[PDB]
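Cβ placement follows ideal geometry from the backbone for every residue including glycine, while neighbour counts extend to all protein chains displayed. Bear in mind that the values in this text are calculations on the coordinates, not laboratory data.
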Amino acid sequence: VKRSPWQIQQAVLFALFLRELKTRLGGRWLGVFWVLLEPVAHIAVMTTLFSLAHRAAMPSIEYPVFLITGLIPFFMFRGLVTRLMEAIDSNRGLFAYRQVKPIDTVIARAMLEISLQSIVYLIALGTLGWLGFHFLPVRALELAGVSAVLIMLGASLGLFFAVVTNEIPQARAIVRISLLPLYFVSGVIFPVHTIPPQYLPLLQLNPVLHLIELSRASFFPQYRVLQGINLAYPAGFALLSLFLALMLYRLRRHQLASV
Amino acid sequence: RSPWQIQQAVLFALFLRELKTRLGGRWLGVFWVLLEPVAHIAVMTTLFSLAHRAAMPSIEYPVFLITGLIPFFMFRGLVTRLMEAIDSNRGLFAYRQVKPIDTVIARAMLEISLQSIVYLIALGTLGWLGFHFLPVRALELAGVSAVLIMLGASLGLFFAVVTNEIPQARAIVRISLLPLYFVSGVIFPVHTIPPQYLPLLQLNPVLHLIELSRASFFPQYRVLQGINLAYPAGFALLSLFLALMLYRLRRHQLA
Amino acid sequence: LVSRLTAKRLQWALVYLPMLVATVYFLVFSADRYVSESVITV
Amino acid sequence: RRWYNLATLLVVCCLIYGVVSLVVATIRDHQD
Amino acid sequence: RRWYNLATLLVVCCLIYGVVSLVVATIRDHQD
Amino acid sequence: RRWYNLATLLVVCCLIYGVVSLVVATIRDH
Amino acid sequence: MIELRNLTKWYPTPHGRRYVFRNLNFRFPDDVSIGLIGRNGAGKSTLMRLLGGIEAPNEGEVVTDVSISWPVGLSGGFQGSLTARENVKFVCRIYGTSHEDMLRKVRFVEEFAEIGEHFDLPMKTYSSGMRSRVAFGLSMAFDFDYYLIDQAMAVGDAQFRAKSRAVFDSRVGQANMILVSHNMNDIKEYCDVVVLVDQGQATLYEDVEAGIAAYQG
Amino acid sequence: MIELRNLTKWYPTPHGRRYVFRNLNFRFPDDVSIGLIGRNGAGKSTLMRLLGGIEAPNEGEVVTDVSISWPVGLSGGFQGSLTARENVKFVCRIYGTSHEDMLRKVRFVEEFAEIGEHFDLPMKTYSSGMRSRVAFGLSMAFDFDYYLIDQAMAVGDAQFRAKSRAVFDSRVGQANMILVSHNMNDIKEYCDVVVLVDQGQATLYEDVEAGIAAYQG
Ligand SMILES: Nc1ncnc2c1ncn2[C@@H]1O[C@H](COP(=O)(O)OP(=O)(O)OP(=O)(O)O)[C@@H](O)[C@H]1O
Ligand SMILES: Nc1ncnc2c1ncn2[C@@H]1O[C@H](COP(=O)(O)OP(=O)(O)OP(=O)(O)O)[C@@H](O)[C@H]1O
Ligand SMILES: [Mg+2]
Ligand SMILES: [Mg+2]
C-alpha cells in the first residue's frame, strides 16, 4: 500500500546491489578469478623475498598465515574506501527516479563487497588449512569484533571521502594512491617488532595498525602486542569519523543529486 | 594552408586551452608545483640525512635529492598527463583539425616547460643557499635528460592509446608510478642495495637514466656495473616506435 | 517498530539511562583502590 | 577515575545517539 | 673547455629563448 | 611564556567555535 | 490537486546565487493536460524536475496528493554501459514489482520501441532518437496520473508520434499529461491548458491560442 | 557536389559489425538546400559525421571540393567546465584567425546568442536552448558554403528560429543548407530537395513533398 520507507530502502538497495554486481566482478565473471588469485599473487612474492627475514624476526608463526591475517582485512579497508568513493559518481544518471538517494549507492556497494571479502577470506582460510598451516583462530569472537570495528571505520572513511571529494574530481587520485603507503606502515607486510623505537609513537597514530595488531593477537597464541596499542583509540577514531561523515552527508545531501 | 601550419595552430590552441585547466582559475597551481618538490625534500632531511652521510659523505642530501627528484617528477608528470589526454578533450574532436595526437603533444610541451622552469628555479635557490649547483658535464646531462623525455613521452602515448578500451587499467598505472619512486634510487643512493637485488633492478631504464644524470652532474660520482645508456636508449626507441605504430593502427578508433 | 522510536525514547534509552546508572554506581557503590608503585632491576 | 570515566562515557553516548538519529533520519526520507 | 662551454651555452640559450617565447605569446594573447 | 600560550588558546577557541557552529547549523537545518 | 507553496530555487553560481525561481504560489488546474510553454533560459526543465521529486526546492514545498511520473527529459535518466533491458529491470525493481508483471513490463517496453537487436546493446550504441522511444515506453509502462514529458518526442519519426498518440489514447480517461516543448502544433494537439513561465512567474491560460500568441511575441 | 565512393560504415559490437552504410554511391545536387530525412536509427548522423570529417569511412571515401562546416547537433562540439566565450576563442584560434577578427567573431556570437551573464559561465551549466543558440551562432560566424545542422534547432524558441532564419537569409546567395530534422515545417521552409535514407541507401526526391510523403509512409 503505502510502501513504508524501510521497504523502499531495501528494494532500492537490492536493485543497486544487482546493478553493481555486474560492474564489479566483470560482465562475464572475469574479475572474480582475479580477486581470487590476487592474494596468492601477493603472498608468493612476499614470502619469496621475505621468508628468511620473517624467520629471523620471529619464529613460531608461519609467514603465509601472518601475511593472510593482515592482507584480507587491508583488502577490505582499501576496497571499501575506493568503491565507497566511486559509488556516488558511478550512478549519476540513476538519480532520476525519486528513490535512488546517493547514500544508497555507497550502502549497496559496501554490502556487496563485505560479502565478497568474507567469501574470499573463508576460501583463503580453507586453503591455508588444506596445506597443514594454522588456520583456526584461538579467540574468534574478539577477532570478529576487531574486524567489525575495522569494517565500519573503512565504510565511514569511504562515505566521508565520497561526500567531500565529489565536487573535486581530481582529489580521488590524491587518496587513491595514499592507500599504498598504508600498505607498508600498518605492519601488514612485516612485523612491527623490528621497527626502531624512536619511530614507534608517530607510527602508532595510524588506527589501521592498531586494528591489524589486535586482529593478529586474537588469531595466534602467545602473540605479543606493542606497548600503547589498544582498541579504544581506533574505536573513538572510527565513531567520530562516522558521526562527522553522516553529518556532512546530511548537510550536502541535496548537492550530491545535481546530476 | 599547409598541414604543418594547421598542426602548429592546433597545438598552440590546445596549449592555451590546457594551461588554464592545468594551472587553475586563479593560477593557484603555481603555489603547488613550486611547493611540489620542497615538501618531498624536507621530510627526507629528517629521515636519512645521517644515514646518507654514513653512506656517502662526499655529496649532500639537498643536492642529491634535487638531482633525481625533478627529473623523476617530470617523467611522472609527462606519463600521467599524457595518459589522461584524449578523454579530457573528447568533446573537442569535432573540428576535423584536432587529432588525438595533438592533445598529448600539447600536454607534453606544457609539462616540459613547467618542469624546466621548476628545475631552473630549484637550481637558482640551491645556489642561493651556497650548495653546489652548477653541473660538471652539462652536455651529457642534457643528453640523458632528452633520453628520459623521449622515454616518458613514449610511455605516455603508449598508455594513452592502449587504455582507450579499458579505462580501469589506466588507474593502476598511476598506482604503478608510486613503487618506481621507491626503486629508482631517487630518495636514497642505490649503492646500499645488496648485490643480489641489483640485477633485477637493472631492467628499469629510469634507474639507469637517473644514475647517469647524477654522474654527469656531480664531480667524481661513481657508476655501478651494468649501468649504461645503450639499454635505456634502445628501450625508449623501441617503445616510441611501438607506441607510434599502435596509434597508427587505432588512429580512427579514438576519434 | 521502526516508525515508533521518537526523540524521547532515543534520548532516554541511549543517553539518559546509561549515564544515570553508571553515575549512580560510580558515586555511590564503587570502592576506591589505592596503588603502590616500586621500580627495581636485577 | 570517576569523573573522567563519566565524561568519556557522556561523549560516547552523545556520539552514539547522534549517529543513530542521523541514520534513522536518512532511512525515513525515502518517500514516493 | 672553450667549445664545450660554447655548446652548453648554445643549448641553454635555445631552451631559455623557447620558454620565454612561449610565455611572451601567452602574455600577448591574454593581454588583448 | 604568556604570549606563546596565547596563540595556542586562540587556536583552541577557534576550533571549538568552528565545531560548535557546524553542529548548531546541523541542528538548525534539521 | 498539485499545488505550489512559496517555491524558491537558485543555483550556486560564482557571481552570487542565480535565483531561477522566486516566491511562487501557483496552483495548477485539475483534470486537464497542461502545456508548459516558457522560453529559453526560463525554468521549465527545473519545474519538471521539481514536480517529479528529482530535487528539493531550495526554500519551498511542492504539495502533491497524486502520483507523478519522473521527468523523461532528453538527456540522462539511464544507466551507462547497460542495455535497455537491464535498465527496465532496474526501474521495475525500484518500484517493488513481482517477476511476472516485471517480465510483462519488459515485453511492453520492447514492443513499444521498434528496436531490433539493439535492445540488447548498451545505450551508447543507440541513436539520439532511439533512447527517446525507450524512455517513452518505459515511462508509459507504469501506471501514473501525471506523465511529465520534457521534449522527449522531438526526435522521433512520424511512426513514433503515431505510436505515442495511440498509446496515450489507450490510456485516456485515467491519466494526465504535463508536456513542455517548443513545437507548437504538438502543444495544440496534446494539451488543453497552457502554463507560461516568464521571469520566474507562472501564468495560466485556459486557452491554448492566447498563451501561444503571448509566446510568439 | 559532395559525392560518395562505395563507403561502408560499421561499429564494433559483440554480435558483429552492424552496417550503417554498405557500398553507398550518391551525388548531392548543387546550388540547392538538401533535406536529409529518414527513420530513427537510419543514418543522418553518421552521414553528417562523415561529411564534416568527424570520422573516416572504413572502405570508401567522400569526395568534395567545397568547404563544409562541422556537424552542429544536439550534443558535442563543446568542452564542459569552459566558458562559451573561450570555446569560441578556441574555435577561432583553430582556424588561425587574427586577433581583431577573433574578437569580431566573439562579438557576433555574443550578440547572436541573446544570453546575459551566463555567456561568461562554463558550458556545463547551460540549458539546451542556450547551448543550441551558442552552437548555431558559432557555426554561422564562419564563412563556409555548406552547413551541417544535426537537428540542433528542435530546442529553440520562436525568437531563436526567427533569428536563425534572418541570419541565413542574410547570406542565402552563396551558402547552402544540409539539414536533418524530424519536424516537417522547418524542412519545407528551408530545403529545396529531399534525400531519404531507409536501410543503407540514399534516394533523391527533387520534389520536397514527394520525399516527405515517402518518408512519412
Ligand atoms: N546545473 C545547473 N547549475 C546551475 N545553474 C543551472 C543548472 N542548470 C540550469 N541552470 C540555470 O538555470 C536555468 C534553467 O534553465 P533550464 O535548464 O530549466 O531550461 P529552460 O530555459 O526551462 O528550457 P530550454 O530547454 O528551452 O532552454 C538555465 O538557463 C541556467 O541559467
Ligand atoms: N557509437 C555507436 N556504436 C554503435 N552503434 C552506433 C553508434 N552510433 C550510432 N550507432 C548506430 O548507427 C545507426 C545509425 O543511427 P544514428 O546514430 O546515425 O542516428 P539517427 O538515425 O540520426 O537517429 P535519429 O533519426 O533517431 O535522430 C543506429 O542503428 C545506431 O544505433
Ligand atoms: Mg528543459
Ligand atoms: Mg541523429
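Counting charges near G:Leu24 (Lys, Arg +1; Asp, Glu -1) among other residues having Cβ under 13 Å from its Cβ returns a value of 0. Of all DSSP-defined beta bridges confined to the protein assembly as shown, some 50% are antiparallel rather than parallel. Within the straight-line cut-off of under 13 Å between alpha carbons, the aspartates and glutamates reachable from B:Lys99 are B:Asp87, H:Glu55, sequence neighbours fewer than 8 places apart in one chain being disregarded.
Shown in residue order for segment A:212-221 are the 3J(HN,Hα) couplings computed by the Karplus curve 6.51 cos²θ - 1.76 cosθ + 1.60 at θ = phi - 60°: 5, 5, 5, 5, 5, 5, 8, 9, 10, x Hz (x for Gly and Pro). In terms of distances greater than 26 angstrom between alpha carbons, the cross-link table entries H:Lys9/H:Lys105; B:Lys20/H:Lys44; A:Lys2/A:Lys101; G:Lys124/G:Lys163; A:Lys101/G:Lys89; A:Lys22/A:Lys101 yield H:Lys9/H:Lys105; B:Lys20/H:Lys44. Ellipsoid fit via the Cα gyration tensor, chain A: semi-axes of 35, 21, 17 Å, each the root of five times an eigenvalue, largest first.
Here the 3J(HN,Hα) profile of segment B:59-73, calculated from phi with Karplus coefficients 6.51, -1.76 and 1.60 at θ = phi - 60°, is 10, 10, 4, x, 9, 4, 5, 5, 5, x, 7, 4, x, 5, 4 Hz, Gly and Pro shown as x.
With its label point defined 7 Å out from Cα along the Cα-to-Cβ axis, G:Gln174 lies at 6.2 nm from the matching points of the other copies, in increasing order. Could you compute the FRET efficiency for A:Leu49 and C:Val35, with r as their C-beta to C-beta distance and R0 at 41 Å, rounded to 0.05? Once the sixth-power term is evaluated, E becomes 0.30. Given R0 = 30 Å, the distance between the Cβ atoms of G:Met102 and H:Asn183 translates into a calculated FRET efficiency of 0.25.
The tail of the calculated P(r) for segment H:13-162, taken as Cα-Cα distances beyond 23 Å, holds 44 percent of the pairs. Inter-copy label distances at G:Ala213, using a point 7 Å along Cα-to-Cβ, come to 3.5 nm with the shortest given first. With both labels modelled 7 Å from their Cα along Cα-to-Cβ, the A:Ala173 to A:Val40 distance reads 3.4 nm. Kindly state, to the nearest 0.05, the FRET efficiency for G:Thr203 paired with G:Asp145, given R0 = 22 Å and r defined as their beta-carbon distance. After rounding, the FRET efficiency stands at 0.40.
Take G:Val63, project a point 7 Å from its Cα along the Cβ direction, then tell me which residues of segment G:18-48 have their backbone nitrogen under 19 Å from it. Output list for this probe position: G:23-31.
Here segment G:56-143 is treated with +1 on each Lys and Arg Cβ and -1 on each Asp and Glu Cβ, and its dipole about the Cα centre works out to around 300 debye. Taking all Cα pairs closer than 8 Å and separated by 6 or more residues, the relative contact order of segment B:4-155 comes to 31 percent. H:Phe108 label point (Cα plus 7 Å toward Cβ) to equivalent points in the other copies: 5.3 nm, shortest first. The value of relative contact order for chain B, using C-alpha pairs under 8 Å at least six residues apart, is 25 percent.
Helix content alone sets the calculated 222 nm mean residue ellipticity of the protein assembly as shown: runs of n ≥ 4 DSSP H residues at -39500 (n - 2.57) each, divided across all residues, give -18000 deg cm²/dmol.
The residue in chain H that lies nearest, by its beta carbon, to the axis linking chain H with chain G is given here with the distance in whole angstrom as H:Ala154, 2.
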